[PDB]
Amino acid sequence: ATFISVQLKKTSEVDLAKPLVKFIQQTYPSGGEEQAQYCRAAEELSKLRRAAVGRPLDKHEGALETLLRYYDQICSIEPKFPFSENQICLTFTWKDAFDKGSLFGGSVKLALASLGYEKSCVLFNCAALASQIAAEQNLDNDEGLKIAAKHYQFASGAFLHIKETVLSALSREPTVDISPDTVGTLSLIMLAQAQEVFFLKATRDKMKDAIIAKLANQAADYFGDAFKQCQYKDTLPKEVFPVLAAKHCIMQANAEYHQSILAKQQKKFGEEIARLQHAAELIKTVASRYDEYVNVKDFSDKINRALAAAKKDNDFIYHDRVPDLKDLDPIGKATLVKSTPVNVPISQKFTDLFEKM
């Protein structure tokens, strides 16, 4: 399991309660117990922030739901408070997820007094934590596969939501980690890995090789587009580009290998050999170039066993001409994934703490 996940952004603790209570007793002049109800909700909301972003400890669904709930709560608050006009100043400080900084300028962090900044960074951590949960699923288990498929698509859609909204939501230029180009690439990586999970589910369920090949071919397209966005950039961690390049080639080889089984079933023995030769060449390229990052020894042996038997029998029995790769029909593509739209509420059983306001 060589899957890419994203580290969560860190933030400093903020007293969320104090500035909110001061600016509720001014629109609603009360003596307490009536608007003290809403004031208690602000204490709950400051507690919710500390729970959602204050202790990056575990990778279970309790932590994700807490982050999702905190995201829902924030989005539900910008309307009730006319924050387009300047009042209730609140600085959120977030560190870049990827840029370590140096010893000359400290870490890379940004402080902005804007709920758009906060909910962008919170949504980043929702997507990142979802990617970590997906990447740690047992993919030799149907429930692990299902969990990973759902979470990669969620992560893809949340990174994509950040891409489309982060610039208008902020008054400054964002840090690079949440900038449209970076989260656009993260979105496509999660989309690729979701497609890979569907391929692994089809393989595990022993679906028709025609379908497995189109699923792998689609995954190759996604991985290929992802690595092309990371060809000239060093934003993401070191291991992302070679893993993407390897997965692109591995998924093309899986497409060819499963298409070659279809060719054999149709008695197209020349074509089977041509496709196995292509798969072998791709896997040899991955083995020699990306060995530190993937383990293709078992897949290589499977291809070579198939190709040896294929050639032995074609030379001795069938004498099919082995077509050139250019003369083979393209393998189709089947996409089973989509970037999940972010439509608040994204957390379960959501109840807005400021609903009656």
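The numbering used is simple: start at 1 and walk along the sequence shown. Rigid core: the largest C-alpha set superposing within 1.5 Å between the two forms.
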Between 34-42 and 319-327, larger RMS Cα displacement in 6 other deposited structures of this protein after core fit | 34-42
Stretch with greater C-alpha deviation in 6 other deposited structures of this protein, 96-104 versus 174-182 (rigid core superposition) | 96-104
Do the C-alpha atoms of 36-44 or of 305-313 have the higher average B factor in the entry?
-> 36-44
Would you mind comparing 76-84 and 134-142 for me and telling me which has the higher average C-alpha temperature factor in the entry?
-> 76-84
When you compare the CA B-factors of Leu262, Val197, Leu186, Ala169 as listed in the entry, which one comes out on top?
-> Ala169
Checking the entry, which one of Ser300, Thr66, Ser288, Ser30 has the top C-alpha B factor?
-> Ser30
By the entry's values, the third containing the CA B factor of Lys333 is the lowest
Among modelled residues of the same chain, the CA temperature factor third for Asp99 = highest
Sort the modelled residues of this chain by their C-alpha B factor and say whether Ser114 lands in the lowest, middle or highest third.
-> highest
With respect to C-alpha B-factor, does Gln7 fall in the lowest, middle or highest third of the chain as deposited?
-> middle
In terms of its chain's C-alpha B-factors, the third that includes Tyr71 is the middle
